[PDB]
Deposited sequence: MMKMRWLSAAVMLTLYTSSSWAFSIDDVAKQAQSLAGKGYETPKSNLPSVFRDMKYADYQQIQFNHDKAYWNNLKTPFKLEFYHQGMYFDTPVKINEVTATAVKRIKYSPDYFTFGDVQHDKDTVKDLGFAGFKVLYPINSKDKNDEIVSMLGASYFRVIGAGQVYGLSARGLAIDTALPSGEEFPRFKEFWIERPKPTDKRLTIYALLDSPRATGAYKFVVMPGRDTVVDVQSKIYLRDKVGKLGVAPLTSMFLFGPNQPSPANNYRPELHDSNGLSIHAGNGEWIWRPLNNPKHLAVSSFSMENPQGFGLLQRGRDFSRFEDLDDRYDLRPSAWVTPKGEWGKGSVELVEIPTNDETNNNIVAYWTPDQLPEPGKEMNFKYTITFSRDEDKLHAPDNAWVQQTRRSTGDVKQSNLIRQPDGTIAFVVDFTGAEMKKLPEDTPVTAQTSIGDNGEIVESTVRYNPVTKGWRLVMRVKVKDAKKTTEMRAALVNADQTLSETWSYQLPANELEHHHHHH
């Protein structure tokens, strides 16, 4: 009955007309709120949608506040009707504005507890979690001109339709209409809560005008510090980040792992390929000892893996790393950016799944080893007297692990194929067996010729390829 086509015709139609700028009529008392103040507004769980039905799903809504200062329209779809969900203040306690966004609840952790699984709130952003997870990185519907000096353009999901589920349904269907100065689109999301929460996405996109850069299936995260770039000041937390790497499964079948930085200057990195097999911002390594944060539980925050359905043609998986002095800034972005876009008006179809998981092993081929961690260190040489003498190099300790690598005999003759750009020199490239992890450790020591330039390096473990490619960048002014 109702389908993506219904929403695509609105999108098609919006693309053919001048963009209408949303206008805020939000009172100052709400717009001026900071996060802590925004908490004063809570939803009345007695008024949650589907409270009268035998579904484990429920729908709750956000009030406008902070920079969430334009309304979105929300519709329920039934077998027989599309019904606007009417706004009311009586959905909230505060101790015709319109909803800011919505969330979905489901007993994903405990049978008699309705826990959040999806949050759609801000622009075209959503956050998703599976069982035992805590909200971390975000996804968007679309990105336009991300990292361009001209200024990024942020689409919004301005309207939603949410199908009322049947009592036995284990998935939830959501449609969204996207509008942005130079683009519109129609989105069908099928959400499947589980150990992982999986989101099936179909999109239909239309430019209203030409753009510098489109970013398809965007992910947005945060990296403040980690063992590859330790906290400049003492912190009880060894690490702080919603993600620690970009994993790519290339067109050509190579696995690439780019550990994240919090750089001094904006860094955009393009992995140019044809027909990407997948990409994800991953949180690899979940021992609580790596984080020690009892409030935000970064150890419990998901990885997100994007899997295209079909051939996305020629473009790049692009990473954006933004300087931040704190964790409140989303300083990591990843997307697919097509090399060539169509003329305005012409429809682009993108189909993909997003998997939100804490099983990074499952987000990787079992016959291909992967980097558990990248530890930076002062490069040294142990003297005859056992004193470790610094020699001016930087050292990277890169531990590989894997479902198949953890199985290999200790005596397996593993070596490293490495490379470095011109601003750097590899002094040492050693591989040894790690009997604690059943994996293999690479130690790479490098001299930087000019600290004021970027240095890029690559490494993989081979017998005679066993591992993904560690693709590391050492930011200028590090």
Next item on the list: Report the unmodelled segments of the deposited sequence as residue ranges counted from 1.
Entry: 1-21, 117-126, 496-497, 512-519
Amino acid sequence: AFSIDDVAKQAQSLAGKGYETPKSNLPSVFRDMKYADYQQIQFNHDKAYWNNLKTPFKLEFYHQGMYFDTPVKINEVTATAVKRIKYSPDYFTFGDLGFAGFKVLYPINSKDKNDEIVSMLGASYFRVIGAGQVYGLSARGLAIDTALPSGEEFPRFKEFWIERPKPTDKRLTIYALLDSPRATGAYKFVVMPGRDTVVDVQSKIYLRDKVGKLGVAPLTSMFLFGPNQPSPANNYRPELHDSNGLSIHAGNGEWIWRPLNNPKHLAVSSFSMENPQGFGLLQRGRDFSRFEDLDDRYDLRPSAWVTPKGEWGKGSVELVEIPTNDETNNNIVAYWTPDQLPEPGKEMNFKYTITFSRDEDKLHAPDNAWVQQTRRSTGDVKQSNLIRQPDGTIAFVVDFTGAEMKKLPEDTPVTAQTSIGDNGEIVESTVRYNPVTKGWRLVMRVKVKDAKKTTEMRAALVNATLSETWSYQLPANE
From here on, numbers count along this sequence of modelled residues.
Notebook entry, point to check: Looking only at CA atoms, which has the higher mean B factor in the entry: 323-331 or 249-257?
Noted result: 249-257
Next item on the list: Select between 333-341 and 352-360 the stretch whose C-alpha atoms have the higher average B-factor in the entry.
Entry: 333-341
Next item on the list: Could you tell me which one of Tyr135, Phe157, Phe94, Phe102 shows the highest CA temperature factor in the PDB record?
Entry: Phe94
Notebook entry, point to check: Highest Cα B-factor in the deposition, which of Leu281, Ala267, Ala403, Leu177?
Noted result: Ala403
Next item on the list: Ordered by C-alpha B-factor within the chain, which third holds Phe396? Give me lowest, middle or highest, please.
Entry: middle
Margin query: Please say which third, lowest, middle or highest, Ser272 falls into when its CA temperature factor is compared across its chain.
Written below: highest
Check: With respect to C-alpha B-factor, does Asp293 fall in the lowest, middle or highest third of the chain as deposited?
Finding: lowest
Note to self: Split into thirds by Cα B-factor across the chain's modelled residues, where does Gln389 land: lowest, middle or highest?
What the structure shows: highest
Next item on the list: Rank-wise, by C-alpha B-factor, drop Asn244 into the lowest, middle or highest third of its chain.
Entry: lowest
